[PDB]
Q: 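Take a look at this one; I'll ask things after.
Note that these values count all heavy atoms, side chains included, but never hydrogens, waters or copies made by symmetry. Quick note on labels: first sequence line is chain A, next is B, and so on, each numbered from 1.
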Amino acid sequence: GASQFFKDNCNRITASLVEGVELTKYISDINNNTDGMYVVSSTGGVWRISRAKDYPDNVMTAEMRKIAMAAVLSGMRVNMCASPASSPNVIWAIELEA
Amino acid sequence: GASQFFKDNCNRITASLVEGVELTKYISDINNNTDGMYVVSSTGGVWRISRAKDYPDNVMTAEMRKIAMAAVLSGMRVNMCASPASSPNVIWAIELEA
Amino acid sequence: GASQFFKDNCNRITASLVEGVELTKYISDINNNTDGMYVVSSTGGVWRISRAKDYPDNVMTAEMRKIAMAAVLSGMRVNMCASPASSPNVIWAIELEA
Amino acid sequence: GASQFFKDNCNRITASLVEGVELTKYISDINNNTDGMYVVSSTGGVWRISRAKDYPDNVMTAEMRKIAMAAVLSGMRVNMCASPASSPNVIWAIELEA
Amino acid sequence: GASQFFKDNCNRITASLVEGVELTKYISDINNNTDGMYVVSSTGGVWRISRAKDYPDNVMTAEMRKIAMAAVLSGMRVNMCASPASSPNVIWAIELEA
Ligand code: NA
Ligand code: NA
């Protein structure tokens with residue numbers, strides 16, 4: 001049950017809408033090769049959270065990390081818009097649902 | 001119900017007062033043409049949260065994001081003072097109520 | 001009740017001590033004329049939270065906002081040292097109590 | 001009680017190990033000549049939390065603030081390596097305990 | 001247990017995967033010899049959280065510290081990828097598990 005606004009914003013062949021995901025793992029990694037921020041779902045799916053140096057994307061990425069860590073802490077579900085082209089798929093948008 | 005203070009400030013300007021809103025979705029988006037931070041109400045109404053690069057407004061915008069996210073986690077209601085100029089309407093002021 | 005330390009530091013020449021305040025609203029506002037961060041108590045008293053652009057005061061002002069929002073979320077009471085020279089009165093020190 | 005590691009790092013005559021402290025107030029002050037962040041224990045003990053502009057102490061001092069806040073909100077105890085003179089004392093290290 | 005993703009990435013013979021660690025202390029230290037951020041587990045094992053002055057690694061190390069603090073606050077277990085060459089061992093990746 002992603003909002004219709006969230007669905008409308010991720011409605012293209014080059015992006016994957018994924019709905020009602022339970023995230024159960026939140027990962028920070030600064031190892032070589034695998035550095036980044038990730039989440040893993042109850043199913044075992046993995047996404048990478050985008051990072052960005054400057055404004056405005058640095059506001060949105062910081063909020064993606066807060067959404068991700070709140071979902072893992074609370075068990076709230078998220079809906080995601082993600083790039084299918086990248087492995088793990090990179091999150092382009094995320095929706096935290098009560 | 002909105003504080004008299006908050007109602008008076010919103011009544012100064014042409015923006016519209018919205019009371020007792022229950023926010024159920026919080027969105028961060030870095031897609032190409034819908035980038036931003038947004039909230040979705042229990043009735044499906046959508047608003048964008050103000051963005052600002054610089055001081056002092058970036059203080060207030062950061063707190064609007066925290067108020068948004070707290071309302072979504074807690075189910076606390078919010079009152080908004082929202083501009084109709086844009087789609088979705090932009091939150092110019094918000095009040096978290098316990 | 002306010003700590004002796006908090007009370008001793010609130011210089012009565014320049015400010016007044018307010019004890020055992022229950023804050024029930026937290027407001028962020030970016031409108032042109034009512035610009036700022038505020039709190040509203042259970043009795044309708046309003047106060048403006050101080051902001052600063054530079055270190056070190058912006059460490060303290062960030063923590064005033066965290067105390068304010070935590071009090072509204074939790075119902076924990078605060079004590080304030082507030083200047084009466086503006087309306088709303090401005091908070092120059094705040095003490096969150098467990 | 002304090003970890004052996006924490007005790008080991010605070011084992012000198014000029015700083016005191018203080019264990020099982022209940023913090024019940026958390027103060028932000030920007031007033032003339034008392035500005036700073038402080039905590040008050042259940043028995044009336046006062047400490048200033050250190051402040052630092054630059055890396056790496058800006059990381060640790062920000063974490064000391066979050067530890068103090070969390071202790072006040074949760075009632076979790078802390079252990080401190082602190083100065084041994086009259087209140088208010090300074091803090092060299094702080095351990096939040098579950 | 002560790003996600004398959006997490007386990008796959010802790011793949012240097014010089015590194016150690018530790019699973020299902022319950023962290024019970026979170027330390028901020030600004031002493032001269034021992035400055036840093038640490039966690040202590042329910043069995044007394046100690047680790048140092050990595051630090052980084054600059055983007056991008058400072059995004060991940062900030063999230064390491066949020067993961068550690070959340071774990072101590074909630075009792076949620078963590079999985080770590082850590083380096084034995086050090087005393088205390090240094091965390092190069094960490095997975096918070098709901
Ligand atoms: Na006075
Ligand atoms: Na000592």
Q: Could you pull out all donor-acceptor pairs under 3.5 Å where a side-chain atom in residues 32-40 of chain D meets a protein atom, sequence neighbours excluded?
A:
residue	atom	partner	partner atom	Å
D:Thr34	OG1	D:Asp29	OD1	3.2
D:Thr34	OG1	D:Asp29	OD2	3.0
D:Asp35	OD2	D:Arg51	NH1	3.1
D:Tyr38	OH	D:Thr34	O	2.9
D:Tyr38	OH	D:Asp35	O	3.4

Q: Nearest 0.5 Å, what's the CD1-CE distance between A:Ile67 and A:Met80?
A: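 Reported value, rounded in 0.5 Å steps: 11.0 Å.
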
Q: Among residues two or more places apart or on two chains, list those pairs meeting disulfide bond (SG atoms under 2.5 Å apart) that have a residue in residues 29-98 of chain D.
A: D:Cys10-D:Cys81

Q: Which residue pairs pass the salt bridge (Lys or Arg N to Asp or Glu O under 4.0 Å) test with at least one member in residues 81-98 of chain E, sequence neighbours excluded?
A: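 The answer is A:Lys25-E:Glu97.
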
Q: Under 3.5 Å, side chain of E:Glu19 to main-chain N/O of E:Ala2, donor-acceptor pair present?
A: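 Yes; judged by distance alone, with no hydrogens or angles, the pair exists.
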
Q: Restricting to salt bridge (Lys or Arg N to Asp or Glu O under 4.0 Å), what partner residues turn up for D:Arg48, sequence neighbours left out?
A: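 D:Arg48: no salt bridge (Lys or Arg N to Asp or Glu O under 4.0 Å) contacts found.
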
Q: Is it true that a side-chain atom of C:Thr24 and a backbone atom of B:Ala98 form a donor plus acceptor pair closer than 3.5 Å?
A: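 Answer holds: no.
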
Q: Provide the full list of disulfide bond (SG atoms under 2.5 Å apart) pairs with a residue in residues 18-52 of chain E, sequence neighbours left out, each pair given once.
A: none

Q: Name all pairs fulfilling the salt bridge (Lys or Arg N to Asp or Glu O under 4.0 Å) condition that reach into residues 3-12 of chain C, sequence neighbours left out, sorted by first residue then second.
A: none

Q: Quick one: side chain to side chain contact (heavy atoms under 4.5 Å, CB included) partners of B:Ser50, sequence neighbours excluded?
A: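 Side chain to side chain contact (heavy atoms under 4.5 Å, CB included) check on B:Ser50 returns B:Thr61, B:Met64, B:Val90, B:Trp92, C:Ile30.
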
Q: Under the side chain to side chain contact (heavy atoms under 4.5 Å, CB included) rule, collect the residues that match up with D:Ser74, sequence neighbours excluded.
A: D:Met76

Q: I'd like to know if the side chain of E:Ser28 and the backbone of D:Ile94 have a donor-acceptor N/O pair within less than 3.5 Å.
A: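 No, because the side chain of E:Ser28 does not come within donor-acceptor range (under 3.5 Å) of the backbone of D:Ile94.
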
Q: Are C:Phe6 and C:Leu17 close enough that some pair of their side-chain heavy atoms sits under 4.5 Å apart?
A: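 Answer yes - side chains close enough.
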
Q: Using the side chain to side chain contact (heavy atoms under 4.5 Å, CB included) criterion, which residues pair with E:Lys53? Sequence neighbours excluded.
A: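 Once residues adjacent in sequence are excluded, the partners of E:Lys53 under the side chain to side chain contact (heavy atoms under 4.5 Å, CB included) criterion are D:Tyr55.
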
Q: Nearest heavy-atom pair of A:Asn89 and A:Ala82: which atoms, and what distance?
A: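 So the minimum-distance heavy-atom pair works out to CB-CB, 4.0 Å.
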
Q: So how far is it from D:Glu63 CD to D:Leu96 CG, rounded to the nearest 0.5 Å?
A: 11.0 Å

Q: Who passes side chain to side chain contact (heavy atoms under 4.5 Å, CB included) against C:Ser41, sequence neighbours left out?
A: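 Side chain to side chain contact (heavy atoms under 4.5 Å, CB included) check on C:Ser41 returns C:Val21, C:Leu23, C:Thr43, C:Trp47.
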
Q: Could you check whether any side-chain N or O of D:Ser16 sits under 3.5 Å from a backbone N or O of D:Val18, counting only pairs where one atom can act as donor and the other as acceptor?
A: no

Q: Mind checking what makes salt bridge (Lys or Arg N to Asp or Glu O under 4.0 Å) contact with D:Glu22, not counting sequence neighbours?
A: D:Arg77

Q: Report the distance from atom CE of C:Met60 to atom CG of D:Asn31, rounding to the nearest 0.5 Å.
A: 10.5 Å

